[PDB]
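Heads up, work_0.txt below (compact mmCIF, C-alpha atoms):
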# COMPACT_ATOMS: atom_id res chain seq x y z
CA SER A 1 -63.46 15.99 -103.73
CA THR A 2 -61.07 15.50 -100.84
CA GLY A 3 -57.36 15.61 -100.15
CA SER A 4 -55.16 14.06 -97.48
CA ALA A 5 -51.46 14.77 -96.94
CA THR A 6 -48.96 13.81 -94.29
CA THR A 7 -47.22 16.65 -92.47
CA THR A 8 -43.78 16.00 -90.97
CA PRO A 9 -41.80 17.88 -88.30
CA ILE A 10 -38.75 19.63 -89.70
CA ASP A 11 -36.57 18.77 -86.69
CA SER A 12 -36.51 16.95 -83.36
CA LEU A 13 -38.29 19.83 -81.57
CA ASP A 14 -41.32 20.11 -83.87
CA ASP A 15 -40.29 23.67 -84.69
CA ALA A 16 -42.49 23.50 -87.78
CA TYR A 17 -44.14 20.96 -90.04
CA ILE A 18 -43.74 20.51 -93.78
CA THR A 19 -46.26 19.05 -96.19
CA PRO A 20 -45.48 18.08 -99.81
CA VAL A 21 -47.30 20.15 -102.43
CA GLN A 22 -47.35 19.52 -106.18
CA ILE A 23 -47.05 22.69 -108.27
CA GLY A 24 -47.18 22.92 -112.05
CA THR A 25 -47.06 20.51 -114.95
CA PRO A 26 -45.15 18.25 -114.76
CA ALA A 27 -45.43 18.44 -110.99
CA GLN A 28 -42.71 20.16 -108.99
CA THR A 29 -43.01 18.95 -105.41
CA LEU A 30 -42.10 21.50 -102.74
CA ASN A 31 -42.34 21.02 -98.99
CA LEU A 32 -44.44 23.87 -97.64
CA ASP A 33 -45.25 25.10 -94.16
CA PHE A 34 -49.06 25.10 -93.91
CA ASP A 35 -49.90 28.25 -91.95
CA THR A 36 -53.41 28.91 -90.65
CA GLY A 37 -52.14 32.33 -89.51
CA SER A 38 -51.44 33.75 -92.98
CA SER A 39 -52.97 33.74 -96.42
CA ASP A 40 -50.20 33.67 -99.04
CA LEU A 41 -48.94 30.60 -100.88
CA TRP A 42 -45.35 31.59 -101.61
CA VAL A 43 -42.37 29.55 -102.72
CA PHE A 44 -38.65 29.67 -103.19
CA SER A 45 -38.20 29.88 -106.93
CA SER A 46 -35.87 30.25 -109.88
CA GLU A 47 -36.41 34.00 -109.34
CA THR A 48 -35.16 34.03 -105.74
CA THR A 49 -31.91 35.96 -105.26
CA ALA A 50 -29.28 33.23 -105.53
CA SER A 51 -27.44 34.15 -102.31
CA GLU A 52 -30.74 33.77 -100.42
CA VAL A 53 -31.25 30.13 -101.47
CA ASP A 54 -29.41 27.57 -99.34
CA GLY A 55 -30.68 24.04 -99.96
CA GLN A 56 -34.39 24.69 -100.57
CA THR A 57 -36.21 23.13 -103.49
CA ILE A 58 -37.28 25.82 -105.93
CA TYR A 59 -40.29 26.27 -108.19
CA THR A 60 -39.28 27.08 -111.78
CA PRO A 61 -42.36 28.45 -113.57
CA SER A 62 -40.66 28.35 -116.97
CA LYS A 63 -40.62 24.53 -116.67
CA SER A 64 -44.37 24.32 -115.98
CA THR A 65 -46.60 24.22 -119.03
CA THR A 66 -49.56 25.43 -116.94
CA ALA A 67 -47.80 28.40 -115.30
CA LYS A 68 -48.92 31.88 -116.33
CA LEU A 69 -47.51 35.17 -115.07
CA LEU A 70 -50.18 37.13 -113.21
CA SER A 71 -49.28 40.34 -114.96
CA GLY A 72 -48.53 43.27 -112.69
CA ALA A 73 -49.07 41.36 -109.47
CA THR A 74 -46.60 41.62 -106.62
CA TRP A 75 -46.61 40.49 -103.02
CA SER A 76 -44.74 41.33 -99.85
CA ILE A 77 -45.32 39.84 -96.43
CA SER A 78 -43.95 40.29 -92.93
CA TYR A 79 -44.63 37.69 -90.26
CA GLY A 80 -45.04 38.05 -86.51
CA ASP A 81 -41.51 36.72 -85.93
CA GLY A 82 -39.93 39.52 -87.98
CA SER A 83 -39.30 37.42 -91.09
CA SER A 84 -40.43 38.53 -94.53
CA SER A 85 -40.46 37.75 -98.23
CA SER A 86 -41.63 39.35 -101.48
CA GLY A 87 -41.85 38.79 -105.21
CA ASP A 88 -44.15 38.36 -108.19
CA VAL A 89 -47.00 35.96 -108.93
CA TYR A 90 -47.89 33.12 -111.27
CA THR A 91 -51.04 31.11 -111.53
CA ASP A 92 -50.56 27.37 -111.80
CA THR A 93 -52.05 24.04 -110.87
CA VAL A 94 -51.51 23.12 -107.22
CA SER A 95 -52.32 19.76 -105.65
CA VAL A 96 -52.24 18.73 -102.00
CA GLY A 97 -52.77 15.12 -101.07
CA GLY A 98 -54.71 14.40 -104.25
CA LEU A 99 -56.85 17.58 -104.18
CA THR A 100 -56.17 19.79 -107.21
CA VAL A 101 -56.82 23.51 -107.69
CA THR A 102 -56.29 25.06 -111.11
CA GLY A 103 -55.40 28.71 -111.39
CA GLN A 104 -53.98 28.97 -107.88
CA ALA A 105 -51.88 32.06 -107.20
CA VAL A 106 -48.33 30.87 -106.57
CA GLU A 107 -46.29 33.74 -105.18
CA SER A 108 -42.72 33.42 -106.40
CA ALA A 109 -40.12 34.87 -104.03
CA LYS A 110 -37.57 37.27 -105.40
CA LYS A 111 -36.35 38.05 -101.87
CA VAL A 112 -36.60 36.18 -98.57
CA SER A 113 -35.31 37.19 -95.16
CA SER A 114 -32.40 35.40 -93.54
CA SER A 115 -34.50 33.12 -91.33
CA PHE A 116 -36.02 31.54 -94.44
CA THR A 117 -32.66 31.17 -96.18
CA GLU A 118 -31.21 29.54 -93.07
CA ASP A 119 -33.96 26.90 -92.92
CA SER A 120 -33.22 24.50 -95.76
CA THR A 121 -36.22 22.29 -94.92
CA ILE A 122 -38.99 24.80 -95.74
CA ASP A 123 -39.53 25.58 -99.42
CA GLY A 124 -42.30 28.12 -98.81
CA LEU A 125 -45.60 28.68 -97.03
CA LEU A 126 -49.17 27.68 -97.82
CA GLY A 127 -51.51 30.10 -96.08
CA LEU A 128 -54.80 28.85 -94.68
CA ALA A 129 -56.13 31.95 -92.90
CA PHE A 130 -58.85 34.04 -94.56
CA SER A 131 -58.18 35.44 -98.02
CA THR A 132 -58.69 39.01 -96.75
CA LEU A 133 -55.09 38.78 -95.43
CA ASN A 134 -53.57 37.84 -98.80
CA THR A 135 -50.91 40.39 -99.74
CA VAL A 136 -51.03 40.25 -103.54
CA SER A 137 -51.43 43.69 -105.10
CA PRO A 138 -53.26 45.17 -106.93
CA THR A 139 -55.66 42.19 -107.06
CA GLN A 140 -55.86 40.20 -103.85
CA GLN A 141 -55.74 36.44 -104.40
CA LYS A 142 -57.52 33.52 -102.78
CA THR A 143 -55.97 30.84 -100.62
CA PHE A 144 -55.74 27.22 -101.74
CA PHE A 145 -58.59 26.34 -99.37
CA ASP A 146 -60.79 29.20 -100.62
CA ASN A 147 -60.23 28.07 -104.22
CA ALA A 148 -60.90 24.41 -103.38
CA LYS A 149 -63.84 24.96 -101.03
CA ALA A 150 -66.71 24.74 -103.50
CA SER A 151 -65.41 21.43 -104.89
CA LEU A 152 -64.85 19.81 -101.50
CA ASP A 153 -67.30 17.27 -100.13
CA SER A 154 -67.56 19.50 -97.05
CA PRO A 155 -66.03 23.02 -96.76
CA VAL A 156 -63.53 22.07 -94.06
CA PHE A 157 -59.94 21.17 -93.47
CA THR A 158 -58.44 19.48 -90.43
CA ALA A 159 -55.05 19.69 -88.75
CA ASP A 160 -53.78 16.65 -86.84
CA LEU A 161 -50.21 17.56 -85.92
CA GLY A 162 -47.99 14.96 -84.29
CA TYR A 163 -45.79 15.24 -81.22
CA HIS A 164 -42.32 14.28 -82.42
CA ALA A 165 -44.04 12.39 -85.22
CA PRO A 166 -45.82 12.99 -88.54
CA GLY A 167 -49.44 14.02 -88.68
CA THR A 168 -52.07 14.80 -91.30
CA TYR A 169 -53.83 17.67 -93.05
CA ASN A 170 -57.16 16.61 -94.57
CA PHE A 171 -59.33 18.68 -96.89
CA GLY A 172 -63.04 18.15 -97.43
CA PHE A 173 -63.80 15.53 -94.78
CA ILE A 174 -63.61 14.70 -91.09
CA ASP A 175 -61.74 11.48 -90.32
CA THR A 176 -63.81 10.17 -87.42
CA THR A 177 -61.09 7.59 -86.63
CA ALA A 178 -58.49 10.30 -85.94
CA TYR A 179 -59.80 11.53 -82.57
CA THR A 180 -61.36 10.28 -79.36
CA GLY A 181 -64.62 11.42 -77.85
CA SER A 182 -66.49 14.22 -79.61
CA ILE A 183 -65.47 17.40 -81.40
CA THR A 184 -66.44 20.59 -79.58
CA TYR A 185 -67.10 23.47 -81.94
CA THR A 186 -66.62 27.09 -80.99
CA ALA A 187 -67.32 30.42 -82.66
CA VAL A 188 -64.81 32.18 -84.90
CA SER A 189 -64.35 35.86 -85.59
CA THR A 190 -62.90 36.63 -89.02
CA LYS A 191 -62.63 40.37 -88.32
CA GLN A 192 -58.80 40.24 -88.24
CA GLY A 193 -58.54 37.62 -90.99
CA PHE A 194 -57.55 34.84 -88.57
CA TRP A 195 -59.18 31.74 -87.14
CA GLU A 196 -59.83 33.74 -83.99
CA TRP A 197 -61.76 32.15 -81.13
CA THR A 198 -62.20 32.42 -77.36
CA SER A 199 -60.94 29.73 -75.02
CA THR A 200 -62.98 29.31 -71.85
CA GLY A 201 -60.02 29.02 -69.47
CA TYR A 202 -57.05 26.99 -68.35
CA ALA A 203 -55.53 24.74 -65.73
CA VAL A 204 -51.93 24.08 -64.74
CA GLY A 205 -51.07 20.45 -64.07
CA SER A 206 -53.58 18.86 -61.72
CA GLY A 207 -54.73 22.29 -60.53
CA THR A 208 -58.22 23.67 -60.59
CA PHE A 209 -59.60 25.00 -63.85
CA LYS A 210 -59.75 28.80 -64.05
CA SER A 211 -62.74 29.99 -66.05
CA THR A 212 -61.67 33.05 -68.02
CA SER A 213 -62.09 34.11 -71.64
CA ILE A 214 -58.87 34.02 -73.66
CA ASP A 215 -59.24 35.34 -77.20
CA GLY A 216 -56.61 34.04 -79.59
CA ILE A 217 -55.87 32.53 -82.96
CA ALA A 218 -55.40 28.93 -84.08
CA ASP A 219 -52.06 29.21 -85.90
CA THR A 220 -50.31 26.15 -87.31
CA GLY A 221 -47.46 28.37 -88.51
CA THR A 222 -46.43 29.41 -84.99
CA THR A 223 -44.40 26.92 -82.96
CA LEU A 224 -45.32 27.91 -79.41
CA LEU A 225 -48.33 28.77 -77.27
CA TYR A 226 -48.47 32.53 -76.52
CA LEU A 227 -50.87 33.52 -73.74
CA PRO A 228 -51.42 36.44 -71.36
CA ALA A 229 -48.62 37.12 -68.91
CA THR A 230 -50.82 36.21 -65.92
CA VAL A 231 -51.53 32.74 -67.34
CA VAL A 232 -47.92 32.14 -68.34
CA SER A 233 -46.62 33.21 -64.92
CA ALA A 234 -49.06 30.83 -63.25
CA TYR A 235 -47.76 27.96 -65.39
CA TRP A 236 -44.04 28.57 -64.87
CA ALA A 237 -44.49 29.17 -61.14
CA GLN A 238 -45.11 25.41 -60.92
CA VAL A 239 -41.65 24.62 -62.34
CA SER A 240 -38.84 24.97 -59.81
CA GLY A 241 -36.15 27.28 -61.12
CA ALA A 242 -38.11 28.54 -64.11
CA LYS A 243 -37.78 32.24 -64.85
CA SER A 244 -38.32 34.78 -67.59
CA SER A 245 -35.00 35.72 -69.17
CA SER A 246 -34.88 39.01 -71.04
CA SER A 247 -31.55 38.01 -72.59
CA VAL A 248 -32.85 34.69 -73.92
CA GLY A 249 -36.24 36.14 -74.87
CA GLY A 250 -38.72 34.29 -72.69
CA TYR A 251 -39.25 31.73 -69.99
CA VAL A 252 -36.49 29.19 -69.48
CA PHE A 253 -36.38 26.30 -67.06
CA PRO A 254 -33.85 23.75 -65.80
CA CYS A 255 -33.51 20.92 -68.26
CA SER A 256 -33.68 18.54 -65.26
CA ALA A 257 -37.28 19.62 -64.53
CA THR A 258 -40.40 17.56 -65.17
CA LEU A 259 -42.96 19.92 -66.68
CA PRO A 260 -46.64 19.94 -65.69
CA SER A 261 -49.38 19.66 -68.25
CA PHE A 262 -51.41 22.66 -69.38
CA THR A 263 -55.14 22.42 -70.08
CA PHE A 264 -57.13 24.86 -72.17
CA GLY A 265 -60.90 25.10 -72.45
CA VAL A 266 -62.97 24.80 -75.61
CA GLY A 267 -66.50 25.49 -74.48
CA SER A 268 -67.15 22.96 -71.73
CA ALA A 269 -64.49 20.63 -73.16
CA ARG A 270 -60.83 20.47 -72.16
CA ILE A 271 -57.68 19.87 -74.21
CA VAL A 272 -54.68 18.68 -72.21
CA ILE A 273 -51.18 19.56 -73.42
CA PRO A 274 -48.76 17.06 -71.80
CA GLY A 275 -45.79 18.61 -70.04
CA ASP A 276 -43.32 17.08 -72.47
CA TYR A 277 -44.91 19.07 -75.32
CA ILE A 278 -43.80 22.26 -73.54
CA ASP A 279 -40.08 21.37 -73.57
CA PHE A 280 -38.19 23.04 -76.42
CA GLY A 281 -34.78 21.89 -75.29
CA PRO A 282 -31.52 23.60 -74.46
CA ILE A 283 -31.30 27.29 -75.30
CA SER A 284 -27.92 26.54 -76.94
CA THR A 285 -26.17 23.26 -77.54
CA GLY A 286 -25.05 21.70 -74.27
CA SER A 287 -26.85 24.19 -72.03
CA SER A 288 -28.80 22.98 -69.01
CA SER A 289 -31.25 25.85 -69.45
CA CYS A 290 -34.20 24.82 -71.60
CA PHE A 291 -36.63 26.99 -73.53
CA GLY A 292 -40.30 26.89 -72.59
CA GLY A 293 -43.12 26.16 -75.00
CA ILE A 294 -45.60 28.47 -73.28
CA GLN A 295 -44.60 32.14 -73.55
CA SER A 296 -46.16 35.52 -72.92
CA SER A 297 -48.12 37.20 -75.69
CA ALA A 298 -47.78 40.59 -73.99
CA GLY A 299 -45.46 41.92 -76.72
CA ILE A 300 -47.46 40.49 -79.65
CA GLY A 301 -50.91 42.04 -79.33
CA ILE A 302 -52.75 38.74 -79.76
CA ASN A 303 -52.77 35.35 -78.06
CA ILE A 304 -51.61 32.51 -80.30
CA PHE A 305 -52.62 28.87 -80.03
CA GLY A 306 -49.63 27.60 -81.97
CA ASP A 307 -48.37 24.09 -82.58
CA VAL A 308 -47.76 23.36 -78.86
CA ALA A 309 -51.51 23.64 -78.29
CA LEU A 310 -52.81 22.43 -81.65
CA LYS A 311 -50.74 19.21 -81.67
CA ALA A 312 -52.59 18.10 -78.52
CA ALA A 313 -55.85 18.11 -80.49
CA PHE A 314 -57.60 17.13 -83.68
CA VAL A 315 -58.59 20.53 -85.04
CA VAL A 316 -61.39 21.26 -87.52
CA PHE A 317 -61.24 24.47 -89.53
CA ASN A 318 -64.85 24.76 -90.67
CA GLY A 319 -65.07 27.18 -93.59
CA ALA A 320 -68.83 27.20 -93.91
CA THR A 321 -70.55 30.52 -94.54
CA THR A 322 -70.22 31.19 -90.81
CA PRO A 323 -66.84 29.64 -89.97
CA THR A 324 -66.24 27.75 -86.73
CA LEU A 325 -63.40 25.80 -85.13
CA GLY A 326 -63.64 22.31 -83.67
CA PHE A 327 -61.34 20.65 -81.16
CA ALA A 328 -61.21 17.01 -80.10
CA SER A 329 -58.81 15.08 -77.94
CA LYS A 330 -56.88 12.31 -79.66
In structure tokens, what does this structure look like?
Amino acid sequence: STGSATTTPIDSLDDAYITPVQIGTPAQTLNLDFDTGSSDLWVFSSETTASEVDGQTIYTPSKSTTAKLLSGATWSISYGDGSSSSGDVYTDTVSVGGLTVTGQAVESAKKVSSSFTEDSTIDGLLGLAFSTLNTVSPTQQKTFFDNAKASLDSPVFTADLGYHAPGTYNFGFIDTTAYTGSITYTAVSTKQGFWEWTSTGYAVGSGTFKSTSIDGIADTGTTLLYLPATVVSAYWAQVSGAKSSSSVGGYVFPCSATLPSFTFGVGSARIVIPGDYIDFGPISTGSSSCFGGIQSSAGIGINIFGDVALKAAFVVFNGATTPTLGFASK
């Protein structure tokens, strides 16, 4: 089997991408944030505290003839940005782009933190990291991909995120028309539960490539590119007037600037992030200070190849017995 679904930016900055997901019988379609940095499929629901729902579409398990309470199971998650959610668990039928999993754990939120409430466009998350990170207790549950894997034509999914445009998540096949050149594959460590890999270096604009190992994670659920402070300083030094602002929370730059590209290495291959992908717009409405899309990871503990980086590539998440990642230009 295969599946193919369009993923759409939630706003004009590509802050996140939503993909429609069919849950239950008859289907209830929710727009979920596919997140290769986490491993829970959780949704706003009829059980979510009413004051914490503000425009999201909710899953109502009582209206699904295939929903079953997973008795005793609870979940609670906290994300790298400080947001969180928690609740109980149902199993139900879940379909993405024509690919159907029966008995998928659907984690129904009883509580969500304010950042989720305040984003009316995201009805929940669909985790695509390794199932060892799933938070359901006392019986850890499998991700949608893990449940689907055996049925797929090939045990892979691909992320093809658009810049200021829709893109595609495919399951079970490589669309060889979706990229240029070849796909370069690179080793993955699953020891932390992430799609963790080592970039071979970077370049700023037309500058020389610096060969240096940068361990990080491929994370579709993170907007920006978070890299070591040395790398980030080298990038922003090429933008006149750019500076790190403790009050804003990262590097800002004059909105009048033209940003240089940023290249990262994948083995001997190179992925070029155009400068315009690094512009996240005014820090507040009407400001002439703009927020940068490349930020320091120094306070995180891990480097994160988020959407800024991933949207410049066609990315293969190869879930074979020894997982690997593939990157192609597009």
*asked:* Set the distance at 12 Å and use all atoms listed in the file: which residues neighbour residue 208 in chain A once local chain neighbours fewer than 6 positions away are removed? I'd like the list as a count of residues only.
replied: 6
*So what do you get for CA of residue 66 in chain A versus CA of residue 95 in chain A, distance-wise?*
12.9 Å
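Going from CA of residue 28 in chain A to CA of residue 54 in chain A covers 18.0 Å.
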*asked:* Taking 6 positions as the minimum chain separation for residues in the same chain, which residues sit within 6 Å of residue 217 in chain A when counting all atoms listed in the file? Answer as a VMD selection string.
replied: chain A and resid 195 to 196 304 to 305
*Would you kindly return, as a list in words, each protein, DNA or RNA residue with an atom no farther than 10 Å from any atom of residue 2 in chain A, considering all atoms listed in the file and excluding same-chain residues fewer than 5 positions away?*
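In the requested format, the answer is residues 96, 97, 98, 99, 100, 148, 149, 151, 152, 153, 154, 155, 156, 157, 170, 171, 172 and 173 of chain A.
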*Atomic distance CA of residue 313 in chain A - CA of residue 133 in chain A, expressed in Å with one decimal*: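 So the two atoms, CA of residue 313 in chain A and CA of residue 133 in chain A, lie 25.5 Å apart.
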_Near-residue 268 in chain A list (9 Å; all atoms listed in the file; drop same-chain fewer than 3 positions) as a list in words_ =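 Within the cut-off, the hits are residues 184, 200 and 265 of chain A.
For the residues A:225, A:248, A:327, A:284, ranking by smallest atom-to-atom distance to residue 302 in chain A using all atoms listed in the file places A:225 first.
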*Pick out the residues sitting within 9 Å of residue 288 in chain A, and hand them over as a count of residues only; count all atoms listed in the file, and ignore anything fewer than 2 positions along from it in its own chain.*
11
_Here is a test: counting all atoms listed in the file, which residue of A:77, A:89, A:159, A:266 is nearest to residue 314 in chain A?_
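Between A:77, A:89, A:159, A:266, the residue approaching residue 314 in chain A most closely is A:159.
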*Looking at A:5, A:67, A:53, A:231, which one is nearest to residue 122 in chain A, with distances taken over only C-alpha atoms?*
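Nearest candidate to residue 122 in chain A out of A:5, A:67, A:53, A:231: A:53.
In terms of minimum interatomic distance to residue 140 in chain A, A:74 ranks closest within A:198, A:1, A:182, A:74, counting all atoms listed in the file.
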_Minimum-distance residue to residue 161 in chain A, chosen among A:56, A:297, A:238, A:6 (using all atoms listed in the file)_ = A:6
*With only C-alpha atoms as the basis for distance, which of A:269, A:203, A:227, A:325 is at the shortest distance from residue 299 in chain A?*
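Using only C-alpha atoms, the shortest distance to residue 299 in chain A belongs to A:227.
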Using only the atoms of range 228-234 of chain A listed in the file, plus 6 Å on each side, state the axis-aligned box centre and edge lengths in Å rounded to one decimal, as lines of an AutoDock Vina configuration file.
center_x = -49.1
center_y = 34.0
center_z = -67.3
size_x = 16.9
size_y = 18.3
size_z = 20.1
*Kindly extract all protein, DNA and RNA residues lying within 9 Å of the coordinates (-42.6, 27.5, -80.9) given in the file, considering only C-alpha atoms, and supply them as a list in words.*
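Neighbouring residues, ordered by chain and number, come to residues 13, 14, 15, 16, 222, 223, 224, 225, 226, 280, 292, 293, 294, 295, 306, 307 and 308 of chain A.
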*Taking the point (-60.2, 16.4, -79.4) as given in the file, collect each protein or nucleic acid residue that comes within 10 Å of it, counting all atoms listed in the file, and present the set as a list in words.*
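Collected hits near the coordinates: residues 160, 178, 179, 180, 181, 182, 183, 184, 266, 269, 270, 271, 272, 310, 312, 313, 314, 315, 316, 326, 327, 328, 329 and 330 of chain A.
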